[PDB]
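Enquirer: what's the 3D shape of this:
(one chain, ligands or ions: 2)
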Amino acid sequence: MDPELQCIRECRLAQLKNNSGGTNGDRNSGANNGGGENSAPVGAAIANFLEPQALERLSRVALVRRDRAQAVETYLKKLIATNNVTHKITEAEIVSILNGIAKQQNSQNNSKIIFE
Ligand SMILES: *SCC1=CC(C)(C)N(O)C1(C)C
Ligand SMILES: *SCC1=CC(C)(C)N(O)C1(C)C
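Expert: Numbers count the residues shown, from 1 in each chain. Ligands and ions are numbered 1, 2, ... in the order given. Sharing the structure here:
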């Protein structure tokens with residue numbers, strides 16, 4: 001329970017020991033080993049659960065209201081992590097949930113602020 005702490009722990013582990021060269025911002029993929037033989041499910045499996053065109057939608061709104069976009073991705077994660085899942089999110093699905101999230105909301109914003 002309370003996966004709030006475990007969440008940061010997941011990214012914290014990745015933030016430890018890195019490299020990838022770096023140097024300002026310019027490198028955006030190209031040639032790097034990862035999977036190879038066999039399949040490749042893992043998180044990559046959820047990346048396909050989002051249509052290509054729909055992928056742009058969540059990206060577009062996020063640039064304006066990441067708070068709502070954050071809940072949309074969380075909705076699918078719960079479905080995929082649980083089992084309820086049974087459909088590939090779409091531009092309408094993202095918007096549909098986003099529209100429903102704005103109705104329920106939570107209490108306030110407090111977004112991109114806990115970043116410490
Ligand atoms: S809880 C913070 C968080 C959630 C998820 C979308 C899995 N992430 O990549 C971060 C670690 C930012
Ligand atoms: S920990 C950073 C991170 C993990 C993952 C869930 C793959 N993400 O989308 C970000 C880049 C936020």
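
Enquirer: and the residue of the protein closest to ligand 2?
Expert: With C-beta to the nearest ligand atom, the shortest gap between the chain and ligand 2 falls at residue 11, namely 3.0 Å. C-betas here are computed from N, CA, C, even on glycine.

Enquirer: from ligand 1, how far out is that residue?
Expert: Distance of residue 11 to ligand 1, given as C-beta to the nearest ligand atom, to the nearest Å: 4 Å.

Enquirer: and what of residue 94?
Expert: As for residue 94, its distance to ligand 1 is 15 Å (criterion: C-beta to the nearest ligand atom).

Enquirer: enumerate the residues of this structure near ligand 2.
Expert: Residues of the chain that fall close to ligand 2, judged by C-beta under 6 Å from any ligand atom: 10-11, 14, 43.

Enquirer: give me the residue from the protein nearest ligand 1.
Expert: Relative to ligand 1, the nearest point of the chain is residue 7 (3.0 Å; C-beta to the nearest ligand atom).

Enquirer: around that residue, how many other residues sit close by?
Expert: Residues within reach of residue 7, counting by other C-beta atoms under 10 Å, total 10.

Enquirer: check which helix or strand it maps to.
Expert: Secondary structure assigned from DSSP states H and E places residue 7 in helix 3-15.

Enquirer: put the alpha carbons of that helix into PDB.
Expert: Output of helix 3-15 as PDB, limited to C-alpha atoms (Å, rounded to 0.1, in the frame of the first residue of the first chain):
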ATOM      1  CA  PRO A   3       3.000   3.200  -3.300                       C
ATOM      2  CA  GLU A   4       3.700   7.000  -3.100                       C
ATOM      3  CA  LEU A   5       7.100   6.400  -1.600                       C
ATOM      4  CA  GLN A   6       7.900   3.300  -3.700                       C
ATOM      5  CA  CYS A   7       7.100   5.400  -6.800                       C
ATOM      6  CA  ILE A   8      10.000   7.900  -6.100                       C
ATOM      7  CA  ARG A   9      12.200   4.900  -5.100                       C
ATOM      8  CA  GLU A  10      11.700   3.500  -8.600                       C
ATOM      9  CA  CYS A  11      13.000   6.700 -10.300                       C
ATOM     10  CA  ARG A  12      15.600   7.300  -7.500                       C
ATOM     11  CA  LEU A  13      17.200   4.000  -8.400                       C
ATOM     12  CA  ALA A  14      17.500   5.000 -12.000                       C
ATOM     13  CA  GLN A  15      18.900   8.400 -11.000                       C
END
